[PDB]
Amino acid sequence: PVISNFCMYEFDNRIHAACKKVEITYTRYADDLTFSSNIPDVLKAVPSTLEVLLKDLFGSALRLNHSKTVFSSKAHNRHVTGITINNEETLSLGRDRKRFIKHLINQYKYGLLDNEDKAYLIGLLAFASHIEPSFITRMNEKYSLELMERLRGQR
DNA sequence: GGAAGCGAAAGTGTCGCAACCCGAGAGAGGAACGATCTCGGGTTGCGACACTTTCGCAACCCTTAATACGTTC
């Protein structure tokens, strides 16, 4: 991990320098470059810059995956490395995963959840508390605080 | 990267069919010799197709891993 992070220090530096001037923010989760901007029609020129910079730096060894270059906007689904970005500009787990968690909690309410799926739900609710804290409060309202306390951590 | 099978893709040879040629022959006419149409091989050109070669998909996972619960690469 650290070797791969260092091998793209110059790539990250050049991309960030050339990308912040056009008002585009750039990140990389070590294999997955993310660009976003509030200015329309400026991201369409980024993949060519990425390709030419990769050729300049790594030659032919490192290259983009042209089948994995995805454009998106508020008209479509928006998720960055597993977290859905709402139309309200807030982080979320997505409607489908939040309904899945609701189904799991409802199953636990009636004692239809075995040990393995109970552990999976406690793990997923820890992750949900990390990503979307308001979901925990909403589930406390929906499924009562006592039931959530019995499932989640008690000490 | 690439077993083992197998099939795609492209190139090359081959082999049968058509088209023509060429000698032999019975004998039209009409009064003889041999016109003319056919029989039997033989040659060549051509194109469809069979055969030949190369490439590429992707087993396994090497001695050599860790094992609370969840996302991410």
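Just the heavy atoms: all of them, side chains too, but no hydrogens, waters or symmetry mates, feed the values below. Residue numbers begin at 1 in each chain, while the letters A, B, ... track the order of the sequences.
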**P-based separation of B:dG30 from B:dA35 [nearest Å]** = 14 Å
**Asked** Nearest-Å distance, CD1 (A:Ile101) to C1' (B:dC69)?
**Response** 13 Å
**Message:** Looking at B:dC61 and its strand neighbour B:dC60, I'd like to know if their base rings stack, meaning the ring centres are under 5.5 Å apart and the planes differ by less than 30°.
**Reply:** yes
**Message:** By the 4.0 Å heavy-atom rule, please label A:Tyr120 as base, sugar-phosphate, or nothing.
**Reply:** sugar-phosphate
**Request:** Run the salt-bridge test on A:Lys55 and A:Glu51 with the 4.0 Å N-O cut-off and return the result as yes or no.
**Result:** no
**Pucker class of B:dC37, where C1'-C2'-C3'-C4' positive means north and negative means south** = south
**Item:** Nucleotide B:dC60: sugar north or south according to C1'-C2'-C3'-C4'
**Value:** north
**Prompt:** Once you round it to whole Å, what is the distance between P of B:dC69 and CG of A:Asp114?
**Reply:** 14 Å
**Message:** Whether A:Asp32 and A:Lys68 form a salt bridge (side-chain N of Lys/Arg under 4.0 Å from carboxylate O of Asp/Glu) is what I want to check.
**Reply:** no
**Prompt:** Between B:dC6 and B:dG2, how far is it from one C1' atom to the other, in whole Å?
**Reply:** 15 Å
**Item:** Atom CZ of A:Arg63: over 12 foreign heavy atoms under 6.0 Å
**Value:** no
**Complete:** Here the distance between atom P of B:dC69 and atom CG of A:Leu113, to the nearest Å, is 15 Å
**Message:** Heavy atoms only, 4.0 Å cut-off, all strands: where does A:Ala126 land among base, sugar-phosphate and nothing?
**Reply:** nothing
**Request:** Would you mind reading off the distance between A:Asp117 atom CG and B:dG70 atom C1', rounded to a whole angstrom?
**Result:** 13 Å
**Asked** Stem ranges for DNA chain B, with three or more consecutive Watson-Crick or G-U pairs under 3.5 Å?
**Response** B:6-26 with B:36-56
**Message:** Would you measure the distance from the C1' atom in B:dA28 across to the matching atom in B:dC33 and give it in whole Å?
**Reply:** 11 Å
**Prompt:** For the pair made of CD1 in A:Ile3 and P in B:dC73, what is the distance, rounded to whole Å?
**Reply:** 21 Å
**Crowding at CG, A:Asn38 (>12 non-hydrogen neighbours, <6.0 Å)** = no
**Prompt:** Would the bases of B:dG27 and B:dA28 meet the stacking rule of centres under 5.5 angstrom and planes under 30°?
**Reply:** no
**Request:** Classify the nucleic acid contact of A:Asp32 as base, sugar-phosphate or nothing, counting any heavy atom under 4.0 Å across all strands shown.
**Result:** nothing
**Request:** Determine the Euclidean distance between corresponding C1' atoms of B:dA26 and B:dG34; express it in Å to zero decimal places.
**Result:** 11 Å
**Item:** Span that lies between the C1' atom of B:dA8 and that of B:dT63, in whole angstrom
**Value:** 40 Å
**Request:** Scan for ring pair (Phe, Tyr, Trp, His ring centres under 6.0 Å) pairs involving residues 33-86 of chain A, sequence neighbours excluded, and state none if there are none.
**Result:** A:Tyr26-A:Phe35
**Message:** Can you identify which nucleotide, out of B:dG70, B:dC73, B:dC69, has its nearest atom closest to the A:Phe127 side chain?
**Reply:** B:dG70
**Message:** Check this for me, if you would: do A:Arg138 and A:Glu132 make a salt bridge, where the nitrogen-to-carboxylate-oxygen distance has to be below 4.0 angstrom?
**Reply:** yes
**Asked** Sign of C1'-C2'-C3'-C4' at B:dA66: does that make it north or south?
**Response** south
**Message:** If I read the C1'-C2'-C3'-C4' torsion for B:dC69, does it come out on the north side (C3'-endo) or the south side (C2'-endo)?
**Reply:** north
**Asked** What is the glycosidic conformation of B:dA10: syn, defined as within 90° of 0, or anti?
**Response** anti
**Message:** Taking the P atom in each of B:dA9 and B:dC57, what is the distance between them to the nearest angstrom?
**Reply:** 13 Å
**Request:** Kindly label the base of B:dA9 as syn or anti, based on whether its glycosidic torsion lies within 90° of 0.
**Result:** anti
**Item:** Integer-rounded Å distance: B:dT71 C1' and A:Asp96 CG
**Value:** 16 Å
**Message:** Counting only side-chain heavy atoms from C-beta out, which of B:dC69, B:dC73, B:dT71 sits nearest to A:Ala119?
**Reply:** B:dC69
**Fill in**
So, going by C1'-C2'-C3'-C4' where positive is north and negative is south, B:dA48 is south
**Complete:** With syn defined as a glycosidic angle within 90 degrees of 0 and anti as anything else, the base of B:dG13 is anti
**Item:** Interatomic distance at P, B:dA58 relative to B:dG1, whole Å
**Value:** 16 Å
**Message:** Nearest whole Å is fine: how far is B:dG70 P from A:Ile83 CD1?
**Reply:** 16 Å
**Message:** So for atom CG, which belongs to A:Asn115, do other residues, nucleotides or ligands contribute more than 12 heavy atoms lying within a distance under 6.0 Å?
**Reply:** no
**Asked** How about A:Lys118 and A:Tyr108: does a side-chain donor come under 3.5 Å of a side-chain acceptor?
**Response** yes
**Prompt:** A:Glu132 CD to B:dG70 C1': how many Å, rounded?
**Reply:** 16 Å
**Prompt:** Within the distance-only criterion (no hydrogens, no angle test), does the side chain of A:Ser72 pair as donor or acceptor with the backbone N or O of A:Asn77 below 3.5 angstrom?
**Reply:** yes
**Message:** By the 4.0 Å heavy-atom rule, please label A:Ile122 as base, sugar-phosphate, or nothing.
**Reply:** nothing
**Message:** Whether the side chain of A:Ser4 engages the backbone of A:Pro1 through a donor-acceptor N/O pair (distance < 3.5 Å, no angle test) should be reported.
**Reply:** yes
**Asked** Is the glycosidic torsion of B:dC33 within 90° of 0, making it syn, or is it anti?
**Response** syn
